[PDB]
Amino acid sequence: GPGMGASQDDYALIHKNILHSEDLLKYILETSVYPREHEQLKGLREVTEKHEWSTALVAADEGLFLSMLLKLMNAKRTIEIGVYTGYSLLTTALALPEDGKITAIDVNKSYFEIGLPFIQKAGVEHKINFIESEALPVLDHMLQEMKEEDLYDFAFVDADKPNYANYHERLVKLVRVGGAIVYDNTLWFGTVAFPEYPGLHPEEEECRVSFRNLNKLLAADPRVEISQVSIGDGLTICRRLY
């Protein structure tokens, strides 16, 4: 639509961190992440860091953390909403068993095509079913065809942040009891801690407001237990109770 430019260079928050120490974040990455990062993850991250939407790239320490959750819960079937160039998707596919399966949904397959050669070299493209679409129609179509036996173990939600509350209403039915839904970016550069925050792009401000509403909603939702984790840009792990 007509209006203000909404490129990454038009945003205010790009360089802001949720850790107070830039040195600490680099310590974590150099000590505990890069030595443990798959060579194809490294290549995909390095190409994505140059891309015009590099701000959206999941953080590499968050990557290893998502991998750990998947392995510890023995996830086998997962859904990812918001693929971009494929870092969390490649992380997920490397974590799952050889016969694991991922439903991966993104409006923009051209982004996916950037990471695809890395995912192919890693030997795990066969686990991925990529759907080029807005996520909400796909999720609604799943609700009508999904069997109890095929509920997902794990969902990673990282797409268009104002829609998370809408995705949640479907995902609490598409993930198994005991399964996990992980919402990325729920601390939104730390701006969620303030009732108003000057200087934001209108899309940044909409996400600040969206996440303040989502974080209250998830804390109050009896269908899940939650843990909000100050890693990357914040994430909230939800475990379906019924």
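When you see a residue number, it is the position in the sequence shown, counting from 1.
- Note on 95-103 vs 147-155: mean CA B-factor is higher in 147-155.
- Checked against the record, the higher mean CA B factor of 227-235 and 16-24 lies with 16-24.
- Highest CA B-factor among the listed residues (46, 30, 37, 184): 46.
- You'll see in the entry that, of 75, 119, 138, 165, the Cα B factor peaks at 138.
- Per the deposited record, the Cα B-factor of residue 67 falls in the lowest third when ranked against the other modelled residues of its chain.
- Residue-level temperature factors show residue 198 in the highest third of its chain, judged at the C-alpha atom.
- In this PDB entry, residue 204 carries a Cα temperature factor that places it within the middle third of its chain's modelled residues.
- For residue 110, the recorded CA temperature factor ranks within the highest third of the chain's modelled residues.
- Remark: residue 173 belongs to the highest third of its chain, ranked by C-alpha B-factor as recorded.
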